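Heads up, the thing below is written out as structure tokens.
Numbers and lists here come from the model and the stated rules, or from a named source; no laboratory instrument gave them. With ideal geometry, Cβ positions are generated from the backbone for all residues, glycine too; neighbour counts draw on all protein chains shown.
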Protein chains: 2
Amino acid sequence: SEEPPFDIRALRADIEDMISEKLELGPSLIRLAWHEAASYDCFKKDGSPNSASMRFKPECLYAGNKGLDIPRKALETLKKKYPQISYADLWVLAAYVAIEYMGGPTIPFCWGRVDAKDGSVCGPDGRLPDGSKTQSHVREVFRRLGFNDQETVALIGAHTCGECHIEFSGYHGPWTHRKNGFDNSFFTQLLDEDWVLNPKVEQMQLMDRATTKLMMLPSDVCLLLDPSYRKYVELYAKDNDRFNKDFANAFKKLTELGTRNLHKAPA
Amino acid sequence: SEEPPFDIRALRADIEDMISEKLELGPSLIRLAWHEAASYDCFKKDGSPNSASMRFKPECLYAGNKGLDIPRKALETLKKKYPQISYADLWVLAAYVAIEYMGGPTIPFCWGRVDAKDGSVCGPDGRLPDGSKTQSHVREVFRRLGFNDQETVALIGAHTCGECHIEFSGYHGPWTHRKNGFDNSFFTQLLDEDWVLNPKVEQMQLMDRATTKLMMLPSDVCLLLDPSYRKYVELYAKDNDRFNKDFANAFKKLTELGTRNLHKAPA
Ligand code: HEM
Ligand code: HEM
Ligand SMILES: [Ca+2]
Ligand SMILES: [Ca+2]
Ligand SMILES: [K+]
Ligand SMILES: [K+]
């Protein structure tokens with residue numbers, strides 16, 4: 001639609017190159033964009049989502065954001081090469097590139113986000129979800145963001161990608177057997193495995209009885225326990241196409257929360 | 001040592017009769033005495049533990065105290081027959097009677113507690129432990145009460161008795177196979193069973209893979225996950241005698257927190 005002030009074709013290629021050199025960056029880029037959005041409260045209309053406010057104290061120091069300096073620093077290099085893109089647009093674009101890179105949907109990108117210029121616009125601590133909690137908490141957080149149950153379940157499906165790091169969250173390991181692949185595997189394993197206590201990790205997490213190599217957090221398995229969420233887990237477990245479409249729509253919504261004056265990018 | 005102002009022999013007999021008529025009262029009596037003590041903060045020296053302050057608003061309405069009106073009302077009948085005993089002494093005595101009734105230790109009773117006369121002395125909400133949380137929370141609560149890890153594990157062993165009620169905590173069912181029996185079965189099952197997610201209860205709890213009839217809360221299994229607590233789980237699983245002795249000592253300590261001027265009862 002409207003040509004951006006940065007060379008988006010070249011930037012996308014450079015993001016792809018960066019990911020290719022360090023594949024675990026892909027899932028961290030998705031996590032970064034999600035936590036930059038997750039500050040929103042749709043009722044108070046505050047939290048400066050999608051403004052790269054996480055670059056500043058106090059938000060950069062929130063426990064839920066531990067480890068996100070890694071994708072932020074990776075992207076800094078590209079910001080220097082493409083100075084016309086805002087950090088906010090860059091983090092969103094990099095997440096969209098990562099999602100596609102790993103086999104997920106190609107989400108239509110809109111540009112135009114303006115960066116937070118200091119930490120005074122940061123939302124408070126306590127807005128990020130807690131993996132040790134279950135559906136009452138998950139629903140409260142996602143309702144606060146403005147998402148319904150279908151969108152909530154679709155979004156949490158992103159745990160098909162990546163892994164937990166003891167240093168960052170105290171949890172350990174990948175959810176799925178192919179942590180650098182995007183698909184509906186998070187949902188299939190939620191339904192298909194027997195989730196047993198993992199006695200080897202001090203922070204309570206479950207593992208699959210079959211191999212012990214898959215993990216789930218309390219916040220993941222609450223999608224099985226809650227009657228509404230479980231219906232969508234079942235839906236996505238059976239249909240990867242539907243999951244991809246719904247994830248695309250929900251993630252686009254997430255990364256456009258609290259934004260204005262965006263422009264459709266050339267594609 | 002010192003004869004109380006109430007007929008303790010007759011009162012004990014009446015508590016035993018009451019339990020015999022409704023055996024599930026036994027574990028609720030233990031829970032009542034424990035929650036009446038659990039308000040203590042040993043650093044602030046507040047919370048009016050062991051004063052029967054739970055009789056009053058706001059404490060009676062704290063979420064963690066749901067269902068405790070049942071043992072309170074049961075004991076009211078005995079308070080009327082033995083008006084010289086304080087509610088505070090009565091709740092403690094009834095718990096000691098219940099522990100012995102179910103095969104646990106006979107704990108030496110001291111009398112002399114004075115009742116709270118109104119709710120202004122109630123400690124704040126948020127002092128009771130949360131079954132959905134794990135060892136960081138459990139340790140913080142028990143440290144606040146003044147207990148070490150050994151005592152913490154011994155006390156939680158009381159879950160050998162009784163059961164969860166959906167109406168009260170949202171959890172469902174007994175921990176052990178014999179919910180009206182007191183012994184070290186909570187610890188044996190913690191070590192011996194495979195604890196798998198129970199998909200049938202909306203509040204996350206585990207069940208044993210073998211029968212699915214045993215349950216554990218996140219707060220129970222955190223005793224397995226924490227290196228220090230696990231040592232005591234192992235200790236008590238192997239030695240019911242040691243568990244009984246340690247439970248007796250810890251429970252006596254618990255029910256004497258924040259008390260003064262007590263007298264050894266005739267035994
Ligand atoms: C109930 C909601 C959620 C909870 C409790 C939660 C929790 C967590 C935790 C504890 C980690 C581990 C961080 C680490 O140790 O590195 C993590 C990682 C991750 N999260 Fe979530 N999250 C939630 C929702 C989401 C959503 C909505 C998205 C994106 C749409 C997402 C994307 C990711 C990704 C991709 C990773 C892997 C990061 C990496 O490999 O470096 N999460 N999440
Ligand atoms: C981490 C610490 C603890 C947690 C999280 C916890 C939590 C719970 C919960 C959720 C229930 C179910 C209540 C219901 O639904 O009726 C319960 C019941 C019970 N608790 Fe605990 N508790 C803890 C420690 C203790 C201690 C220290 C004692 C006594 C020494 C104790 C004695 C009992 C008993 C006997 C029951 C059964 C009540 C009945 O059958 O009516 N608990 N506890
Ligand atoms: Ca933010
Ligand atoms: Ca109290
Ligand atoms: K995957
Ligand atoms: K028992």
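The table below gives the values:
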item	result
Subset of region B:158-178 [touching a residue at least 60 places away in the same chain (Cβ under 8 Å) and more than 7 Å from ligand 2 (Cβ to nearest atom)]	B:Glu167
Hits in region B:98-118 - residues which are among the β-branched types (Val, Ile, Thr) and either touching an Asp or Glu at 6+ places or on another chain (Cβ under 6 Å) or surrounded by fewer than 18 Cβ atoms within 10 Å (Cβ to Cβ) (or both)	B:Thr106, B:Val114
Search result, residues across region B:183-198 that are closer than 30 Å to B:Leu61 by Cβ and either small (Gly, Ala, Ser) or away from every other protein chain (no Cβ under 14 Å) (or both)	B:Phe186
Among the candidates B:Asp130, B:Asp115, residue that is among the acidic types (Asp, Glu) and within 14 Å of another protein chain (Cβ to nearest Cβ)	B:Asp130
Unmet requirement for A:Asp183, which otherwise passes all of (1) free of Cβ contacts under 8 Å to residues at least 12 places away in the same chain; (2) within 16 Å of ligand 5 (Cβ to nearest atom)	(1)
Complete set of residues in region B:107-118 that are in contact (Cβ under 8 Å) with a residue 40 or more places away in the chain and either in contact with a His (Cβ under 6 Å, 6 or more places away or on another chain) or farther than 14 Å from B:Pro49 by Cβ (or both)	B:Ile107, B:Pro108, B:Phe109, B:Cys110, B:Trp111, B:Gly112, B:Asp118
Any hit, region A:42-57, residues being in a helix (DSSP H, G or I) and not polar (S, T, N, Q)	yes
Given (1) crowded, with 17+ Cβ neighbours inside 10 Å; (2) assigned to a loop (DSSP other than H, G, I, E, B); (3) over 14 Å from the mean Cα position of the chain (by Cα); (4) not charged (D, E, K, R), index of the condition B:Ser39 fails	(3)
Members of region B:156-166 that are more than 14 Å from every other protein chain (Cβ to nearest Cβ) and surrounded by fewer than 21 Cβ atoms within 10 Å (Cβ to Cβ)	B:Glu163, B:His165
Test for A:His172: is it of a type outside the set (A, V, I, L, M) and either within 16 Å of ligand 6 (Cβ to nearest atom) or in contact with a strand residue (DSSP E or B) (Cβ under 6 Å, 6 or more places away or on another chain) (or both)	yes
Candidates B:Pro83, B:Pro108 - the one that is assigned by CATH to the domain that holds B:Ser20 and under 25 Å from B:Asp239 (Cβ atoms)	B:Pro108
Of all residues in region B:59-95 being touching a residue at least 40 places away in the same chain (Cβ under 8 Å) and of a type in the set (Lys, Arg), the one that is surrounded by the most Cβ atoms within 10 Å (Cβ to Cβ)	B:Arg72
Helices (runs of 4 or more DSSP H) enclosed by region B:212-267 - at least 3 residues per element that are more than 14 Å from chain A (Cβ to nearest Cβ) and within 15 Å of B:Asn184 (Cβ to Cβ)	B:227-238, B:240-254
Flag if B:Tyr62 is outside the structural domain of B:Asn180 (by CATH), farther than 23 Å from B:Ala154 by Cα, of a type in the set (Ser, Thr, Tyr) and away from ligand 4 (no atom under 11 Å from the Cβ)	no
Residues of region B:199-211 classified as crowded, with 20+ Cβ neighbours inside 10 Å and either at the interface with another protein chain (Cβ under 10 Å from one of its Cβ atoms) or on the phi > 0 side of the Ramachandran plot (or both), total	4
Within region B:179-192, considering residues that are outside any loop (DSSP other than H, G, I, E, B) and surrounded by fewer than 19 Cβ atoms within 10 Å (Cβ to Cβ), the one nearest to ligand 6 (Cβ to nearest atom)	B:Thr188
Failed item, numbered, when A:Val153 is tested on (1) away from ligand 1 (no atom under 13 Å from the Cβ); (2) closer than 29 Å to A:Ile19 by Cβ	(1)
Close pairs from region A:44-57: first surrounded by fewer than 24 Cβ atoms within 10 Å (Cβ to Cβ), partner in a helix (DSSP H, G or I), Cβ under 8 Å, at least 6 apart	A:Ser48/A:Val121; A:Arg55/A:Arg72; A:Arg55/A:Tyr87; A:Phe56/A:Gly119; A:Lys57/A:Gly119
Pair list, Cβ under 7 Å, 6 or more apart: region B:192-218 residue outside the structural domain of B:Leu235 (by CATH), other residue crowded, with 22+ Cβ neighbours inside 10 Å	none
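Let's see how each residue does on (1) crowded, with 21+ Cβ neighbours inside 10 Å; (2) within 14 Å of ligand 4 (Cβ to nearest atom); (3) assigned by CATH to the domain that holds B:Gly64; (4) part of a loop (DSSP other than H, G, I, E, B):
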| residue | (1), (2), (3), (4) |
| --- | --- |
| B:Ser120 | no, yes, yes, no |
| B:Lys133 | no, no, no, yes |
| B:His137 | no, no, no, no |
| B:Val141 | no, yes, no, no |
| B:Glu151 | no, no, no, no |
| B:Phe168 | no, no, no, no |
| B:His177 | no, no, no, yes |
